[PDB]
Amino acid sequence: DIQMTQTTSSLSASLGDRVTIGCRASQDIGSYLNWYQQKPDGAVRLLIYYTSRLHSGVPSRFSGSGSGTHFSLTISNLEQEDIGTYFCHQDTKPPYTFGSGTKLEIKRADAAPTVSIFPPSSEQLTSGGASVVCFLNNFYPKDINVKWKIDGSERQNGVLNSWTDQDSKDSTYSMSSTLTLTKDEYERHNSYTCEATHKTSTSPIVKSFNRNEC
């Protein structure tokens, strides 16, 4: 089969900048190379077909180039709506093959997170479990760490971290860190603290509560 290789798996670029996404074929495929965009909700959209031809509702910012073996999709001036994963596709003849996609992120001005901490609900507690949640809202860049302290001691176990997709409108990220314990474990301690370290400040943003409600 014809192996399609994308230059990079992920790309970050500022609004207005020129962005190129590369694809390479293991054999000469002439002009039979297509580009699709997949959005986070999994929706797939043809953008460029036959190397260089724009499809339905595709902005003139998009262009395509190809040598038969090396291809690229170019965005002249990156826009907010261009976030997504871009896949190449050769369709010379069966079997059709695809590149593994290039995820395109918007590079943004740095933004400090807004941090919130959530004690377990009474509802969860009465059922025997306890989750404490730390939520870091609207920051950039994506890279961020959350340290949990229980009664002043670091806890790494039972911690689950997850990010949102980059915000389609303002390019920020949010994330939550969930610390899971039994109710009995939870009630054996008083102080619950999450510390958010981000490049926007050399000091950690600290949010805490005391189970004694004071």
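Residue indices: 1-based, along the sequence shown.
Out of 152-160 and 23-31, which stretch has the higher average CA B-factor listed in the record?
Going by the record's values, the stretch with the higher mean is 152-160.
Per the PDB record, is the mean Cα temperature factor higher over 82-90 or over 127-135?
Comparing 127-135 with 82-90, the higher mean C-alpha B-factor belongs to 127-135.
Have a look at 69, 63, 168, 37 and flag the one whose Cα has the highest B-factor in the entry.
Among 69, 63, 168, 37, the highest C-alpha B-factor in the entry belongs to 168.
Taking the entry's C-alpha B-factors for this chain, is residue 43 in the lowest, middle or highest third?
For residue 43, the deposited C-alpha B-factor lands in the lowest third.
Taking the C-alpha B-factors as the PDB entry records them, is residue 114 in the lowest, middle or highest third of its chain?
Highest third.
When the modelled residues of the chain are sorted by Cα temperature factor, does residue 146 land in the lowest, middle or highest third?
For residue 146, the deposited C-alpha B-factor lands in the highest third.
By its CA B factor, does residue 14 count among the lowest, middle or highest third of the modelled residues in the chain?
For residue 14, whose C-alpha B-factor we compare with every modelled residue in the chain, the answer is the lowest third.
Sorting the chain's modelled residues by C-alpha B-factor, tell me whether residue 208 ends up in the lowest, middle or highest third.
Its C-alpha B-factor belongs to the highest third of this chain's values.
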